[PDB]
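Residue strings, one per chain:
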Amino acid sequence: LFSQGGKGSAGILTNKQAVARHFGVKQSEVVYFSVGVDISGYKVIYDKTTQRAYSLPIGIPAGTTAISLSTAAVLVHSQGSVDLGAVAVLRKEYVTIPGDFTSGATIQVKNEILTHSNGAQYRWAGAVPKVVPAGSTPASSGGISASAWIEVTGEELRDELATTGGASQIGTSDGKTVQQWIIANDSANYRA
Amino acid sequence: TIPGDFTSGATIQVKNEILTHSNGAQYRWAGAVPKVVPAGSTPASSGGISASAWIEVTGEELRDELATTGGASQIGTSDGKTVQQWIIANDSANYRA
Amino acid sequence: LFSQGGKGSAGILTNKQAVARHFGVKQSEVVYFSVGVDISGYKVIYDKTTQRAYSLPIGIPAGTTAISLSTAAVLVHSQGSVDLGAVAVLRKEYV
Amino acid sequence: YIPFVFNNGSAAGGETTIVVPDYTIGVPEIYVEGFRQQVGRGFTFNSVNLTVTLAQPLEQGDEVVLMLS
Amino acid sequence: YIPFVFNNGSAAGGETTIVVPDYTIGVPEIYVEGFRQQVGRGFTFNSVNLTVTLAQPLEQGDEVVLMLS
Amino acid sequence: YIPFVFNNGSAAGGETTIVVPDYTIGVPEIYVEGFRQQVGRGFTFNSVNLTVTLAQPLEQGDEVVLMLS
């Protein structure tokens, strides 16, 4: 290849531009991780080894330095430890890992989401290194539950519908909510 | 997705900026150019969750479509009939009452 | 414009970085398509003509070469044909 | 070195080899879109044919500045 | 060539033209952030005023190394 | 200038300092992946030890072309 400065030490700034544009942050707000960098004031941290970028939680005190970053994106800094995968899951900054359930992929970080043949992406809510054998399904690999594979595109609306107010957000053909119609027809259950 | 969350406080400059909350949902502000959110706030506390207020983005269109008159018809029951069909089937109880 | 190496042949590596960051894959796992490239071991393929990048399906045998890539992202390789648009739809990698 | 600009600064595309003028007894450097290339790494210059064999085929509009010795 | 660094390596922003010292009878190359620019393409040098007219206005903090002849 | 290529064009990674041959009485330029570096900005050359102190530690496979004077 031509020597285009996208490799190694000469690609830090362009990679920071790419990460900032992906995360919607400033280029100066992306930091490369090594042993001793000040992660204060930075908003996204990039792991050179895994080539994965994670949003740094806000409120990191000024002068905080990093010691190690695990392959599960577990960041230990001078003032504590942060699971960057959990932060990315909270911010829905998912990485759709290449492959699917039918082929088998291994999940290193909580934000990694695995595609299935139904078109849905499922994130694992258990265990740092969830391993998925070839030919598996979310039901076969642990099921689809809160402590198991969770569909990501409809996670929040599914959880909100599962609450006590879910029936009230769904309207019927007459302009009344499903909850109102359930309350209207509950006389049958009371009578029975 | 602007960096930060509702519990930490972020200021929304542009309508496309969406703020994360502790429930994992991202909410966009439908009001006002410079929506400011204080630290420790929630979408309900910061203006509520409505059409003129914070709107969840990942399920916005399906939530609006379910809220229409056809929402019950898109939801199937255990017997293969839609929720709207079962509501129409059991409405004799309401009529009788 | 300044000569900043983002054009044509000198922009392959930076474009690969951008594609890899968009797809969450390694930069070495992105391949440019032409007539005869080995698409084995690569995870994302980039079409230079349409400037669109598609995730290559896994399980492509080692030594597989590409003949043509249609404007509908239909990729015909030496071991078969793959509709990369259908693969992207399955992976929800929408444009 | 004498800077030689290939095709007014815009290559026609698919160019693997570039022919330099006679004066050129050597091409120590190639600048593809501002990127310096080293002999044997980004390009190989043969003195017999006076042709620079490039590592990549040039794309349309590529600016290649050839340093002639 | 004599390398001339514009404003200690950090341009003030919005700079279209750069004034070179008297010695400069020609500016064959401009290096904007490590990018070599060719005369007439990325910049034009006028010998009368001793000013390099750049293709783009410089942004704040840009490193421009001017080669003086 | 005499171009010196560090470790056949592929650095071993984590290299902060580069030792140049004796002939080198000065290193005016460093080309890291085609990027020209200026003395004092991207690297500092000390004549006593004949070592180029780089602004960044080199990564594995980095192409660094050292210009020796």
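- Per the deposited record, the coordinates in this entry were obtained by cryo-EM to a resolution of 2.4 Å.

### Quick notes on the overall build of chain D
Part 1 of the argument: From N to C terminus, chain D includes 0 helices and 7 strands.
Part 2 of the argument: Against the compact-globule benchmark of 11 Å for 69 residues, chain D has a radius of gyration of 11 Å, which places it among compact chains.
Part 3 of the argument: Its C-alpha atoms give chain D principal-axis dimensions of roughly 25 × 20 × 20 Å.
Part 4 of the argument: Relative to all contacts within chain D whose residues are 6 or more apart in sequence, the contacts with residues 24 or more apart total 72%.

### As for the overall build of chain A
Part 1 of the argument: When helices and strands are counted, chain A shows 4 helices and 10 strands.
Part 2 of the argument: Along chain A, helices and strands appear, N-terminal first, in the series α-β-β-β-β-β-β-α-β-β-β-β-α-α.
Part 3 of the argument: Dimensions of chain A along its principal axes, counting C-alpha atoms only, are 75 × 40 × 35 Å.
Part 4 of the argument: Long-range pairs, those at least 24 residues apart, make up 36% of the contacts in chain A between residues at least 6 apart in sequence.

### As for the interface of chain E and chain C
Part 1 of the argument: Chain E puts 7 residues into the contact, and the matching count from chain C is 5 residues.
Part 2 of the argument: Buried surface at the junction of chain E and chain C, both sides included, amounts to about 610 Å², of which 64% is carbon and sulfur.
Part 3 of the argument: A per-residue breakdown of the area chain E buries against chain C is headed by E:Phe35, E:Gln37 and E:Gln56, which together make up 69% of the total.
Part 4 of the argument: At the surface where chain E touches chain C, the tally comes to 0 salt bridges.

### Things to note about helix α1 (residues 12-23) of chain A
Part 1 of the argument: Taking 1.5 Å per residue as the helical rise, α1(A) with its 12 residues ought to reach 16 Å, and the 16 Å between its terminal C-alpha atoms agrees with that figure.
Part 2 of the argument: Among all positions in α1(A), only A:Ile12, A:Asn15, A:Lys16, A:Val19, A:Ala20 and A:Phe23 are buried. Down the axis of α1(A), the buried side of the element spans an arc of 135 degrees, and every buried residue falls inside it.
Part 3 of the argument: In this structure, the buried residues of α1(A) make contact with β1 (30-32), β2 (44-47) and β3 (52-55) of chain A, α1 (12-23) of chain C together with β6 (51-60) of chain F.

### Observations concerning the packing of α1(A) against α1(C)
Part 1 of the argument: Contact geometry for α1(A) and α1(C): axes closest at 10 Å, N-to-C directions at 35 degrees. Note on packing geometry: the crossing formed by α1(A) with α1(C) is right-handed. On α1(C), the residues that touch A:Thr14, A:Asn15, A:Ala18 and A:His22 of α1(A) are C:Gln17, C:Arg21 and C:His22.
Part 2 of the argument: The class makeup of the residues in the contact of α1(A) with α1(C) is 1 nonpolar, 5 polar and 1 charged.

### A short note on the pairing of strand β3 (residues 29-32) of chain F
Residue and element names in this part refer to chain F.
Part 1 of the argument: In β3, alternate side chains face the same way, and those of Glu29 and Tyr31 on one face and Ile30 and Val32 on the other are all buried.
Part 2 of the argument: For β3 and strand β4 (residues 35-38), the ladder comprises 4 bridges, and the chain directions are antiparallel. Each bridged residue has a counterpart across the sheet, and for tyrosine 31 the counterpart in β4 is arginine 36.
Part 3 of the argument: Relative to strand β7 (residues 64-68), β3 is paired through 4 bridges, and the arrangement is antiparallel. In the sheet register, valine 32 faces β7, and the bridge partner there is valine 64.

### Some points on the interface of chain B and chain A
Part 1 of the argument: The partner chain A presents 23 residues to the 32 residues of chain B that form the contact.
Part 2 of the argument: Where chain B abuts chain A, roughly 2100 Å² becomes buried across the two surfaces, and 58% of that area is made up of carbon and sulfur atoms.
Part 3 of the argument: Its largest share of buried area at the contact with chain A, chain B owes to B:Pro3, B:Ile87 and B:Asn94, together 22% of the area lost on that side.
Part 4 of the argument: Counting the contacts that link chain B with chain A gives 1 salt bridge.
Part 5 of the argument: Of the charged contacts, one joins B:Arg63 and A:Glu160 as a salt bridge, the two residues approaching to 3.8 Å between their closest N and O atoms.
Part 6 of the argument: Applying the counting criterion to the chain B and chain A interface returns 7 residue pairs in polar contact.

### What to know about the packing of helix α4 (residues 178-191) of chain A against helix α2 (residues 83-96) of chain B
Part 1 of the argument: α2(B) packs onto α4(A) with a crossing angle of 55 degrees between their chain directions and a minimal axis gap of 9 Å. Considering the angle they form, α4(A) stands oblique to α2(B). In this structure, α4(A) crosses over α2(B), and the sense of that crossing is left-handed. Counted together, A:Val178, A:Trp181, A:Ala184, A:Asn185, A:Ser187, A:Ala188 and A:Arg191 of α4(A) and B:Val83, B:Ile87, B:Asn90, B:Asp91, B:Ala93, B:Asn94 and B:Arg96 of α2(B) form the full contact between these two elements.
Part 2 of the argument: Across the contact of α4(A) with α2(B), the residue classes tally to 7 nonpolar, 4 polar and 3 charged.

### Digging into the sheet that holds strand β7 (residues 64-68) of chain E
Residue and element names in this part refer to chain E.
Part 1 of the argument: Strands sit in the order β1-β7-β3-β4 across an open sheet of 4 strands; the sheet is antiparallel. Every other strand in the sheet has two partners, leaving β1 (2-5) and β4 (35-38) as the edge strands with one partner each. Ignoring strand direction, the axes of neighbouring strands in this sheet form an average angle of 25 degrees.

### Looking at α1(C)
Every α-helix carries 3.6 residues per turn, so stepping three or four residues along brings you back to the same face.
Residues and elements named next belong to chain C.
Part 1 of the argument: In this model, α1 (12 residues) spans 16 Å end to end at C-alpha, consistent with the 16 Å of a helix rising 1.5 Å per residue.
Part 2 of the argument: Burial analysis of α1 places 9 of its 12 residues in the buried class, the great majority of the element.
Part 3 of the argument: All buried positions along α1 are accounted for by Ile12, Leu13, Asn15, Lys16, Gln17, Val19, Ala20, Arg21 and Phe23.
Part 4 of the argument: After α1 finishes, the residue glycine 24 shows a positive phi value of roughly 70 degrees.

### Some thoughts on the packing of aromatic side chains
Part 1 of the argument: One pass over the structure, following the stated rule, counts 11 aromatic pairs over all chains.
Part 2 of the argument: Here the aromatic rings of A:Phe101 and A:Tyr122 are separated by 6.0 Å at their centres, their planes lie at 80 degrees, and the arrangement is edge-to-face. Of this pair, A:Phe101 sits in the loop between β7 (95-100) and β8 (112-115) while A:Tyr122 sits in strand β9 (residues 121-123), placing them 21 residues apart in sequence.
Part 3 of the argument: Overall, A:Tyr122 belongs to the buried group, its relative accessible area being 7%.
Part 4 of the argument: Seen from their ring centres, D:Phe35 and E:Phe35 are 6.2 Å apart, and the 65 degrees between their planes marks the pair as edge-to-face. Taken together, the residues D:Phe35 in strand β4 (residues 35-38) and E:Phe35 in strand β4 connect one chain to another.
Part 5 of the argument: By relative accessible area, which is 1% here, D:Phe35 ends up buried.
Part 6 of the argument: Grouping aromatic residues by their ring pairs yields a cluster made of A:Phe101, A:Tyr122, A:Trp124 and A:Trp149.
Part 7 of the argument: Lying over the aromatic face of B:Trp86, B:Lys81 brings its terminal NZ or CZ to 3.4 Å of the ring centre.

### Some remarks on the side chain of A:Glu156
Part 1 of the argument: Note on placement: A:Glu156 falls in helix α3 (residues 155-161).
Part 2 of the argument: Of the residues examined, A:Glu156 reaches a relative accessible area of 7% and is grouped as buried.
Part 3 of the argument: Within the structure, A:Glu156 has its side chain in polar contact with the side chain of A:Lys92 (distance 2.8 Å).
Part 4 of the argument: In this structure, A:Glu156 is in contact with A:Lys92, B:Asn23, B:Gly24 and B:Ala25, ignoring residues within four places of it in sequence.

Procedures and definitions
- Residues numbered from 1 in each chain as written, not as in the entry; some residues may be left out.
- Chains lettered and ligands numbered in written order.
- Part of a larger assembly, values for the part shown.
- Heavy atoms only, no water.
- Residues with missing side-chain atoms left out of burial classes, pairs and counts.
- Helix = DSSP H or I, 4+ residues; strand = E, 2+ residues; numbered from the N terminus.
- Rg over C-alpha atoms; globule rule 2.2 N^0.38 Å.
- Contact = heavy atoms within 4.5 Å.
- Buried area = accessible area lost by both parts, 1.4 Å probe.
- Salt bridge = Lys/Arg side-chain N within 4 Å of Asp/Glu carboxyl O.
- Expected span 1.5 Å × (residues − 1).
- Buried < 20%, exposed > 50% of the residue type's maximum accessible area, 1.4 Å probe, protein only.
- Arc of directions from axis to C-beta.
- Axes fitted to C-alpha atoms, helices over the stretch in contact; angles between N-to-C directions.
- Left-handed = near helix turned anticlockwise from the far one by under 90°.
- Nonpolar A, V, L, I, M, F, W, Y, C, P; charged D, E, K, R; others polar.
- Pairing = 2+ DSSP bridges.
- Polar contact = N/O pair within 3.5 Å; in protein donor to acceptor, adjacent residues only side chain to side chain.
- Parallel < 35°, antiparallel > 145°, perpendicular 65-115°, else oblique.
- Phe/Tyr/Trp six-rings, centres within 6.5 Å; stacked < 30°, edge-to-face > 60°.
- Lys NZ or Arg CZ within 6 Å of the ring centre and 35° of its normal.

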